[PDB]
Amino acid sequence: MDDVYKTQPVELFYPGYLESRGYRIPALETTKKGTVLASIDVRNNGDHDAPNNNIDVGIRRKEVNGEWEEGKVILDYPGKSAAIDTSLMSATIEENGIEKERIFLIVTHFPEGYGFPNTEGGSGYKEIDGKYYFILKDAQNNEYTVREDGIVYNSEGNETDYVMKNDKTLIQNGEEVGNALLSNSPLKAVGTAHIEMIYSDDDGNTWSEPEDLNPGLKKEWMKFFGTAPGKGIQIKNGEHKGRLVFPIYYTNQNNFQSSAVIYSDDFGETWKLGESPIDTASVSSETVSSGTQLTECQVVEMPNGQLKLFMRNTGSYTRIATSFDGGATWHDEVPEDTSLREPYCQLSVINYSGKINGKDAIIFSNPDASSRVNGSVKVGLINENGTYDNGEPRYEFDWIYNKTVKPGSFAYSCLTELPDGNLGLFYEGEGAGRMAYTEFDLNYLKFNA
Ligand SMILES: CC(=O)N[C@H]1[C@H]([C@H](O)[C@H](O)CO)O[C@@](O)(C(=O)O)C[C@@H]1O
Ligand SMILES: [Cl-]
Ligand SMILES: [Cl-]
């Protein structure tokens, strides 16, 4: 205790804050300017997942040597159309002679009446030539496409008297007749999972309008397709320096869940979908229908740029996948780590910028139990141990520290490194829909009660 740092937990979001009855799914990221960003599900109708819940994106900022600022809703869809599970990423690009910083946020989006349990398949788009067009359905399940200037075309390629604005509002004869995201609209969007993206150029003050990442990225055979909540990373070393890496997961036609990442090499302008660790020489994540499912995940980078994907799964212990091509593919051996008991809950893992006992290190946090209790933060030392049959080296984890930071209820959490080398933790567990945040140092993790 004598030399340890640990702040008493504070509530950043709670029932009633921003008029919301519920809050869930914490995400935490630090900017290059030292600002801490805390995004959350603004679950206005209660703690339940989609569907039947008006969920929005909220965020709070804490600049270096400053207080937590007021929370703001930065993405809000009509009715009970949900924006659920957010992920944050601070990333930079060498501009003219200025290294400029942009903050990325991706979130899963459902139209009204839909969520993970009842999602349909498809991207929500139809491809004509090389252009993807937003699909709309009438009550008779006929198909329409939104094209130039928002004009709605029918299945025969002829124009209707409908226009859809970018916020999915439907105009007919100069009158607003509905919104494509609502259960009561004459023309509805496909009831399927989207990943939407927003970005901020001013250290998190203001955010762009959502950009749908589905077209050309989500496979038509996918049903669920959504953000793995927490954070993404920008690769710092190796062949793929600068690549943005965002953990996601999806389901195929058998509703089997598979983890993956989407990545960008043009600073978020375009995105590509990498393989799942489910995808091997033997197994295809498109057609698999049995075995261990891999769902929510987080990614950390090795000293040479090698990627490690930590995955929530239907097994007892955390699964870790290894990528040699910046997340495009994963080594076909995906082992457990018997030091990371995994009771089917989201986890957090991050890179640590400084050496710990002369080694590069990562930090891990999850409920270390057979249920969502005993929130524990672990420190992993990185050790080389030979190379692969290929040329790339082999990294292993030494879990030296394993500190309980929440003996009672503990669910979703997200770590981040503070500008001073300390650690922040945005976690569920304090009860009554309260989203808690605490700070501590490495000595707090070394202490063994
Ligand atoms: C999009 C969505 O629904 N995400 C939710 C996930 C998924 O439902 C599961 O990963 C699917 O198996 O699970 C939670 O319910 C949970 O267990 O805390 C909360 C989270 O918001
Ligand atoms: Cl302890
Ligand atoms: Cl509760």
# chains A, B, ... in the order shown; residues from 1 in each chain; ligands from 1

$ residues_near_ligand --ligand "ligand 1" --cutoff "8 Å" --atoms "only C-alpha atoms and all ligand atoms" --output "number ranges by chain"
A: 24-25, 48-50, 84-85, 108, 115-117, 226-227, 257, 295-296, 344-346, 411-412

$ residues_near_ligand --ligand "ligand 2" --cutoff "10 Å" --atoms "only C-alpha atoms and all ligand atoms" --output "PyMOL selection string"
chain A and resi 374+376-377+401-407+444-449

$ write_last_selection --atoms "N, CA and C atoms" --output "PDB file, in the first residue's frame"
ATOM      1  N   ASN A 374     -15.340 -10.429  -9.473  1.00  0.00           N
ATOM      2  CA  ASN A 374     -13.893 -10.436  -9.253  1.00  0.00           C
ATOM      3  C   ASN A 374     -13.152  -9.786 -10.424  1.00  0.00           C
ATOM      4  N   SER A 376     -10.418  -8.119 -12.232  1.00  0.00           N
ATOM      5  CA  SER A 376      -8.989  -8.195 -11.981  1.00  0.00           C
ATOM      6  C   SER A 376      -8.225  -7.587 -13.144  1.00  0.00           C
ATOM      7  N   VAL A 377      -7.211  -6.791 -12.820  1.00  0.00           N
ATOM      8  CA  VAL A 377      -6.317  -6.198 -13.805  1.00  0.00           C
ATOM      9  C   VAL A 377      -4.985  -6.928 -13.729  1.00  0.00           C
ATOM     10  N   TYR A 401       1.636  -9.780 -12.577  1.00  0.00           N
ATOM     11  CA  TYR A 401       0.718  -9.128 -11.656  1.00  0.00           C
ATOM     12  C   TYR A 401      -0.715  -9.517 -11.992  1.00  0.00           C
ATOM     13  N   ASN A 402      -1.532  -9.677 -10.952  1.00  0.00           N
ATOM     14  CA  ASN A 402      -2.944 -10.031 -11.110  1.00  0.00           C
ATOM     15  C   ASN A 402      -3.677  -9.474  -9.889  1.00  0.00           C
ATOM     16  N   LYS A 403      -4.150  -8.238 -10.012  1.00  0.00           N
ATOM     17  CA  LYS A 403      -4.711  -7.493  -8.893  1.00  0.00           C
ATOM     18  C   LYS A 403      -6.225  -7.401  -9.024  1.00  0.00           C
ATOM     19  N   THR A 404      -6.934  -7.804  -7.972  1.00  0.00           N
ATOM     20  CA  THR A 404      -8.373  -7.586  -7.912  1.00  0.00           C
ATOM     21  C   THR A 404      -8.652  -6.108  -7.667  1.00  0.00           C
ATOM     22  N   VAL A 405      -9.417  -5.486  -8.564  1.00  0.00           N
ATOM     23  CA  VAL A 405      -9.825  -4.095  -8.413  1.00  0.00           C
ATOM     24  C   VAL A 405     -11.308  -3.956  -8.121  1.00  0.00           C
ATOM     25  N   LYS A 406     -12.055  -5.060  -8.102  1.00  0.00           N
ATOM     26  CA  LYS A 406     -13.487  -5.052  -7.831  1.00  0.00           C
ATOM     27  C   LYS A 406     -13.918  -6.452  -7.412  1.00  0.00           C
ATOM     28  N   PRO A 407     -13.963  -6.740  -6.107  1.00  0.00           N
ATOM     29  CA  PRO A 407     -14.301  -8.106  -5.674  1.00  0.00           C
ATOM     30  C   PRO A 407     -15.728  -8.517  -6.004  1.00  0.00           C
ATOM     31  N   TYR A 444       0.095  -0.416  -7.562  1.00  0.00           N
ATOM     32  CA  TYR A 444      -1.182  -0.958  -7.110  1.00  0.00           C
ATOM     33  C   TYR A 444      -1.400  -2.363  -7.653  1.00  0.00           C
ATOM     34  N   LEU A 445      -0.941  -2.620  -8.878  1.00  0.00           N
ATOM     35  CA  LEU A 445      -1.070  -3.943  -9.472  1.00  0.00           C
ATOM     36  C   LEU A 445      -0.062  -4.937  -8.913  1.00  0.00           C
ATOM     37  N   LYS A 446       1.064  -4.459  -8.377  1.00  0.00           N
ATOM     38  CA  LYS A 446       2.049  -5.352  -7.777  1.00  0.00           C
ATOM     39  C   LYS A 446       1.634  -5.812  -6.385  1.00  0.00           C
ATOM     40  N   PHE A 447       0.792  -5.042  -5.700  1.00  0.00           N
ATOM     41  CA  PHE A 447       0.406  -5.374  -4.334  1.00  0.00           C
ATOM     42  C   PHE A 447      -0.429  -6.649  -4.293  1.00  0.00           C
ATOM     43  N   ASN A 448      -0.146  -7.496  -3.307  1.00  0.00           N
ATOM     44  CA  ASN A 448      -0.858  -8.757  -3.108  1.00  0.00           C
ATOM     45  C   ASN A 448      -1.424  -8.757  -1.691  1.00  0.00           C
ATOM     46  N   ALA A 449      -2.730  -8.531  -1.575  1.00  0.00           N
ATOM     47  CA  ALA A 449      -3.395  -8.485  -0.276  1.00  0.00           C
ATOM     48  C   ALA A 449      -3.338  -9.838   0.433  1.00  0.00           C
TER      49      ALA A 449
END

$ select_by_dssp --residues "segment 1-39 of chain A" --states "strand (DSSP E)" --output "PyMOL selection string"
chain A and resi 10-13+22-30+36-39

$ write_last_selection --atoms "C-alpha atoms" --output "PDB file, in the first residue's frame"
ATOM      1  CA  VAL A  10     -16.409   7.843  -9.445  1.00  0.00           C
ATOM      2  CA  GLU A  11     -19.549   7.597 -11.574  1.00  0.00           C
ATOM      3  CA  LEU A  12     -19.274   9.094 -15.065  1.00  0.00           C
ATOM      4  CA  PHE A  13     -22.746   7.929 -16.143  1.00  0.00           C
ATOM      5  CA  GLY A  22     -29.741   3.122 -18.406  1.00  0.00           C
ATOM      6  CA  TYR A  23     -26.074   3.036 -19.352  1.00  0.00           C
ATOM      7  CA  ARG A  24     -23.764   0.213 -20.443  1.00  0.00           C
ATOM      8  CA  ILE A  25     -20.720  -0.727 -22.517  1.00  0.00           C
ATOM      9  CA  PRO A  26     -17.758   1.450 -21.432  1.00  0.00           C
ATOM     10  CA  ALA A  27     -15.058   2.546 -23.868  1.00  0.00           C
ATOM     11  CA  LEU A  28     -11.938   4.479 -22.898  1.00  0.00           C
ATOM     12  CA  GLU A  29      -9.176   6.041 -25.001  1.00  0.00           C
ATOM     13  CA  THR A  30      -6.425   8.628 -24.501  1.00  0.00           C
ATOM     14  CA  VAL A  36      -9.172  10.879 -21.819  1.00  0.00           C
ATOM     15  CA  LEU A  37     -12.331   9.991 -23.753  1.00  0.00           C
ATOM     16  CA  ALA A  38     -15.135   7.911 -22.225  1.00  0.00           C
ATOM     17  CA  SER A  39     -17.899   6.811 -24.600  1.00  0.00           C
TER      18      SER A  39
END

$ closest_atom_pairs --of "chain A" --to "ligand 3" --cutoff "6 Å" --atoms "only C-alpha atoms and all ligand atoms" --output "CSV"
residue,atom,partner,partner_atom_place_in_ligand_line,distance
A:431,CA,ligand 3,1 (Cl),4.1
A:432,CA,ligand 3,1 (Cl),3.7
A:433,CA,ligand 3,1 (Cl),5.4

$ closest_atom_pairs --of "segment 287-325 of chain A" --to "segment 230-234 of chain A" --cutoff "9 Å" --atoms "only C-alpha atoms" --output "Markdown table"
| residue | atom | partner | partner_atom | distance |
| --- | --- | --- | --- | --- |
| A:297 | CA | A:230 | CA | 8.5 |
| A:298 | CA | A:231 | CA | 7.1 |
| A:299 | CA | A:232 | CA | 7.1 |
| A:300 | CA | A:233 | CA | 7.4 |
| A:301 | CA | A:233 | CA | 8.2 |

$ write_last_selection --atoms "N, CA, C and O atoms" --output "JSON list (two decimals), in the first residue's frame"
[["chain", "number", "residue", "atom", "x", "y", "z"],
["A", 297, "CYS", "N", -13.83, -8.94, -28.85],
["A", 297, "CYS", "CA", -12.38, -9.10, -28.86],
["A", 297, "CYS", "C", -11.71, -7.74, -28.78],
["A", 297, "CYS", "O", -12.32, -6.70, -29.04],
["A", 298, "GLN", "N", -10.42, -7.77, -28.42],
["A", 298, "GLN", "CA", -9.55, -6.60, -28.38],
["A", 298, "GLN", "C", -8.17, -7.02, -28.86],
["A", 298, "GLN", "O", -7.78, -8.18, -28.75],
["A", 299, "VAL", "N", -7.42, -6.05, -29.40],
["A", 299, "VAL", "CA", -6.18, -6.34, -30.11],
["A", 299, "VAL", "C", -5.04, -5.52, -29.51],
["A", 299, "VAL", "O", -5.23, -4.37, -29.12],
["A", 300, "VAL", "N", -3.86, -6.14, -29.44],
["A", 300, "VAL", "CA", -2.63, -5.48, -29.00],
["A", 300, "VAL", "C", -1.53, -5.82, -29.99],
["A", 300, "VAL", "O", -1.58, -6.83, -30.70],
["A", 301, "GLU", "N", -0.51, -4.96, -30.03],
["A", 301, "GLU", "CA", 0.57, -5.05, -31.01],
["A", 301, "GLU", "C", 1.86, -5.50, -30.34],
["A", 301, "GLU", "O", 2.20, -5.04, -29.24]]
